[PDB]
Amino acid sequence: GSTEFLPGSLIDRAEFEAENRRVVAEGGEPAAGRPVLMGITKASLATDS
Amino acid sequence: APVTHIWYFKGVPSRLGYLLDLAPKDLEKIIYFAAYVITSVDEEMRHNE
Amino acid sequence: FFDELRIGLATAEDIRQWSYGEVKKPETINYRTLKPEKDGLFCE
Amino acid sequence: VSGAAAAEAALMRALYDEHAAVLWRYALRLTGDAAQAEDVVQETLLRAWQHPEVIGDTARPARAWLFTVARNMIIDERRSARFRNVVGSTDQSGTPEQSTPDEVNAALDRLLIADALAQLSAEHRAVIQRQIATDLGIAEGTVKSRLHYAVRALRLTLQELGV
Amino acid sequence: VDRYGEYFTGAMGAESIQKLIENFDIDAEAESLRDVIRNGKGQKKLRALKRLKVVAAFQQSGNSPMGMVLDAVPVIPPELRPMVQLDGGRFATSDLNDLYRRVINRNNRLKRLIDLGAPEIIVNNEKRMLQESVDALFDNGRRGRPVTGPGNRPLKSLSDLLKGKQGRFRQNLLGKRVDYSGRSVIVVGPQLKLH
RNA sequence: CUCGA
DNA sequence: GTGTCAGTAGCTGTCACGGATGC
DNA sequence: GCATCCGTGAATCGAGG
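Quick note, the sequences are listed as chains A, B, C, D and E, same order.
Reading the first sequence from the start, the letters are residues 1171 to 1219 in PDB author numbering.
Reading the second sequence from the start, the letters are residues 99 to 147 in PDB author numbering.
Reading the third sequence from the start, the letters are residues 6 to 49 in PDB author numbering.
Reading the fourth sequence from the start, the letters are residues 4 to 133, 143 to 175 in PDB author numbering.
Reading the fifth sequence from the start, the letters are residues 245 to 439 in PDB author numbering.
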């Protein structure tokens, strides 16, 4: 949509809704979503740190 | 003489291969002097001759 | 107290800015005087 | 013309393809380290390019000369530069660890020295914590003395504590 | 080159890839990838997605991809590659010293060859060895066969200082050794209170 | 390397 | 300074799993 | 478009030589 989120990337459902919150209020299109299940290993490597 | 940082060449996925769209094996041949590679070609002069 | 830890690619210029000099000679030390050879891997 | 400066290369690349991959194995068996062999091979062939009086007589065995060149360089590496160092490796499981002592004593000593500094006068203090006669703006005999009496006050205090 | 050399330019080794990265429009390729992404077959869309994941990084962060090709390599301080003495008068040394030393040797030989105008074959076949040696310094064994030390033992690289249980992270950061501590055999003391 | 919970 | 053949040891007696690598 | 093959991972502390 109007987000800089690289399509296909797995993003925390908090930042997704916050960014679509800013964009929906900005006039641009909010990014689309789709729930994704990750295994513990893959989610551990996906941490922001 | 310049040298490539193996982490970005051989590490899977080959980061350089993804940046230049070059196959990992082609890149391997290039880096270790197994094949030449075309850096630039004056296509207009070639057209005129 | 320091907030963030940044990491990124090291430019050639950054590599040179870190170094206190180039390692020209391949020698390590002297095996008699225990002194590090000049411009070697242990140059003082 | 330029064809000759190219003929030089086309002459070297023609001995490479027939002798380098074989010379490597010789230095390999003699050093048990493919890396050094890789080094010695290039050193040898560089000298060869530097000594054309050997390849010119095409009809003679060149490989045979090459082997001796290498065999000599390897032992030149087995020289004094190898006898002392080649033994062990730190990250090799079998070597101690550079261990640094526990700073207990030094710290206790300084903790006492600091306790016999409150028992001083600021001037003896400023002098001891440093030719100094140039800054503090006094004589050098005043230095010598202040140093003398101050050190004796320090020894007095210390031995008072039982040092 | 002998025929149509006036029309193109070619090169070999790592310097060539340096040139390729130089003559590369990051933003343009990023937008090509995004165009492929908006409308494309999954088969040929996953590849483009993963490529964008790499390219957009260099695009936004403002760091040049040229960083992936090195003109200078750093030398780790000596105390982290220490050289200890043995009780027999002989010496033991960190593996990093052997690796750095081999790299320095090949680099100085490259300088010699460049100055002496050696045949192109030797210069190129030497640059390749310098490449392999820096590869070994950073992550020995990553490509092909590792650099054997004495006893056909693979030498430890810089990136070997960090991996696994013996790496810096798990061995010396997530868990240290502590002063004011002891250990001994345990015995049951029935008369003891719970606390 | 060999060994103890 | 070098010049007739002059050519690794070692080793596969691990495995599950995911995904880039390659035909 | 799909099979191959590459790389990743595989308990904790402790003793002596």
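The C-beta atom is built at its ideal place from N, Cα and C for all residues, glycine as well.
Checklist entry - Thinking C-alpha only, which one of E:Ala292, E:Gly284 and E:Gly249 is nearest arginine 144 of chain B? => result Position 46 of the second sequence, counted from the start, is the residue given in the question as residue 144 of chain B. Cα-wise, what sits closest to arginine 144 of chain B is E:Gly249.
Checklist entry - If you run the structure through DSSP and keep just helix, strand and coil, what is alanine 99 of chain B? => result Position 1 of the second sequence, counted from the start, is the residue given in the question as residue 99 of chain B. In this structure, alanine 99 of chain B counts as coil in the three-state DSSP scheme.
Checklist entry - Given that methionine 256 of chain E touches chain C, what residues does it touch there, using C-beta distances under 8 Å? => result In the fifth sequence, residue 256 of chain E corresponds to position 12, counting from 1. Within chain C, no residue comes near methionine 256 of chain E; the closest Cβ sits about 21 Å away, beyond 8 Å.
Checklist entry - With contact counted as at least three CB pairs below 8 Å, one residue from each stretch, are the stretch 281-289 of chain E and the stretch 125-135 of chain B in contact? => result no
Item to check | Below-8 Å beta-carbon distance, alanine 40 of chain D vs any chain E residue | outcome: Here the question's residue 40 of chain D lines up with position 37 in the fourth sequence. No, because no Cβ of chain E sits closer than 8 Å to the Cβ of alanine 40 of chain D.
Checklist entry - Taking just the CA atoms, how far does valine 175 of chain D sit from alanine 119 of chain D? => result For this step, residue 119 of chain D is matched to residue 116 along the fourth sequence. For this step, residue 175 of chain D is matched to residue 163 along the fourth sequence. Rounded to whole angstroms, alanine 119 of chain D to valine 175 of chain D spans 12 Å at the Cα level.
Checklist entry - Going along chain C in order, which residues have a C-beta closer than 8 Å to the C-beta of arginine 82 of chain D? => result Working through the fourth sequence from its first residue, we reach residue 82 of chain D at position 79. Those within 8 Å of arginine 82 of chain D in chain C number zero; the least Cβ separation is about 12 Å.
Item to check | Contacting positions in the stretch 124-135 of chain B - beta carbon closer than 9 Å to chain E | outcome: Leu125, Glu126, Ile128, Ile129, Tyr130, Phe131, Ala132, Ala133, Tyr134 and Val135
Next on the checklist: If the criterion is Cβ atoms closer than 8 Å, does the pair residue 175 of chain B and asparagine 368 of chain E meet it?
Outcome noted: With chain B running from 99 to 147 in the structure shown, residue 175 of chain B is simply not present.
Checklist entry - What are the start and end residues of the beta strand (DSSP E) that includes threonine 169 of chain D? => result Indexing the fourth sequence from 1 puts residue 169 of chain D at position 157. Counting along the chain, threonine 169 of chain D falls outside any beta strand (DSSP E), though it belongs to the alpha helix (DSSP H) covering 152-173.
Checklist entry - My guess is that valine 347 of chain E and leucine 381 of chain E are in contact by the Cβ rule of under 8 Å, so how many angstroms apart are they, rounded? => result For the purposes of this step, residue 347 of chain E is taken as the residue at position 103 of the fifth sequence. For the purposes of this step, residue 381 of chain E is taken as the residue at position 137 of the fifth sequence. Confirmed, about 6 Å.
Next on the checklist: Comparing C-alpha positions only, which one of D:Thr103, D:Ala121 and D:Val155 sits nearest to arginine 133 of chain D?
Outcome noted: Along the fourth sequence, read from residue 1 onward, the residue named residue 133 of chain D stands at position 130. The shortest C-alpha separation from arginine 133 of chain D is found at D:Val155.
Item to check | Extent of the continuous beta strand (DSSP E) run through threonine 137 of chain B | outcome: For the purposes of this step, residue 137 of chain B is taken as residue 39 along the second sequence, with counting starting at 1. Counting along the chain, the beta strand (DSSP E) containing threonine 137 of chain B begins and ends at 135-139.
Next on the checklist: For the stretch 110-118 of chain D against the stretch 45-65 of chain D, do three or more pairs of beta-carbon atoms, one drawn from each stretch, fall closer than 8 Å, so that the two count as touching?
Outcome noted: no
Checklist entry - For chain E, is any of its Cβ atoms less than 8 Å away from the one on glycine 1178 of chain A? => result Your numbering for residue 1178 of chain A matches position 8 in the first sequence. Interface residue, yes.
Next on the checklist: Just to confirm my understanding: we take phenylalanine 268 of chain E, look at its own chain, exclude 5 residues before and 5 after, and list those with CB closer than 8 Å. What are they?
Outcome noted: Here residue 268 of chain E is taken as the residue at index 24 of the fifth sequence, counted from 1. Taken in chain order, the residues that qualify are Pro309.
Checklist entry - What residues from chain C crowd round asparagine 307 of chain E, counting only those whose CB sits closer than 9 Å? => result Within the fifth sequence, the letter at position 63 stands for residue 307 of chain E. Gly13, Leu14 and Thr16, listed in chain order.
Checklist entry - Does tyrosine 25 of chain C come within less than 8 Å of chain D when only Cβ atoms are used? => result Along the third sequence, read from residue 1 onward, the residue named residue 25 of chain C stands at position 20. No, because no Cβ of chain D sits closer than 8 Å to the Cβ of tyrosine 25 of chain C.
Checklist entry - Is DSSP giving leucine 264 of chain E helix, strand or coil here? => result For the purposes of this step, residue 264 of chain E is taken as residue 20 along the fifth sequence, with counting starting at 1. Helix.
Checklist entry - Going along the chain, which residues of its own chain have a beta-carbon closer than 8 Å to the beta-carbon of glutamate 152 of chain D, five neighbours each way excluded? => result Here residue 152 of chain D is taken as the residue at index 140 of the fourth sequence, counted from 1. Correct list, in chain order: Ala145.
Item to check | chain C contact residues for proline 322 of chain E, given Cβ-Cβ distances below 9 Å | outcome: If you number the fifth sequence from 1, residue 322 of chain E lands on position 78. Those are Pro41, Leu46 and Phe47, listed as they occur along chain C.
Item to check | Cut-off 7 Å between Cβ atoms - residues of its own chain near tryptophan 52 of chain D, not counting five sequence neighbours on either side | outcome: As a first step, residue 52 of chain D is located in the fourth sequence; it is residue number 49 there, counting from the start. Closer than 7 Å at Cβ, skipping near neighbours: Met15.
Next on the checklist: Would you call the stretch 73-80 of chain D in contact with the stretch 43-58 of chain D, where contact means no fewer than 3 C-beta pairs closer than 8 Å?
Outcome noted: yes
Checklist entry - What is the rounded straight-line gap between the Cα of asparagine 396 of chain E and the Cα of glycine 306 of chain E? => result Walking along the fifth sequence from the start, residue 396 of chain E turns up at place 152. Walking along the fifth sequence from the start, residue 306 of chain E turns up at place 62. Roughly 44 Å between the two C-alpha positions.
Checklist entry - Using DSSP with H/G/I as helix, E/B as strand and the rest coil, what is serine 276 of chain E? => result Position 32 of the fifth sequence, counted from the start, is the residue given in the question as residue 276 of chain E. Note: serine 276 of chain E maps to helix in three-state DSSP.
Checklist entry - On the three-pair Cβ rule with 8 Å, is the stretch 286-299 of chain E touching the stretch 1174-1188 of chain A? => result yes
Checklist entry - How would you call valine 110 of chain B, buried or exposed, if buried means at least 16 neighbouring beta carbons within 10 angstroms? => result Residue mapping note: residue 110 of chain B aligns to position 12 of the second sequence, counting from 1. Burial call: exposed.
Checklist entry - Under the rule that 16 or more other beta-carbon atoms within 10 Å means buried, what is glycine 393 of chain E, buried or exposed? => result The count along the fifth sequence starts at 1 and reaches residue 393 of chain E at position 149. Buried, because 16 or more other Cβ atoms sit within 10 Å of the Cβ of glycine 393 of chain E.
Item to check | Neighbourhood of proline 398 of chain E by C-beta distance below 6 Å, restricted to the same chain and skipping five residues each side | outcome: Within the fifth sequence, numbered from 1, the residue matching residue 398 of chain E stands at position 154. These residues qualify, in order along the chain: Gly385 and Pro390.
Item to check | According to DSSP, residues forming a beta bridge with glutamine 329 of chain E | outcome: The residue labelled residue 329 of chain E in the question sits at position 85 within the fifth sequence. Bridge partners of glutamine 329 of chain E: E:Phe335.
Next on the checklist: So, with DSSP's three-state summary, where would you put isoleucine 34 of chain C?
Outcome noted: What you label residue 34 of chain C is simply residue 29 of the third sequence in a count that begins at 1. Strand at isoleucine 34 of chain C.
Item to check | Alpha-carbon to alpha-carbon, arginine 278 of chain E and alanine 272 of chain E | outcome: Within the fifth sequence, the letter at position 28 stands for residue 272 of chain E. Within the fifth sequence, the letter at position 34 stands for residue 278 of chain E. Their Cα atoms are separated by approximately 10 Å.
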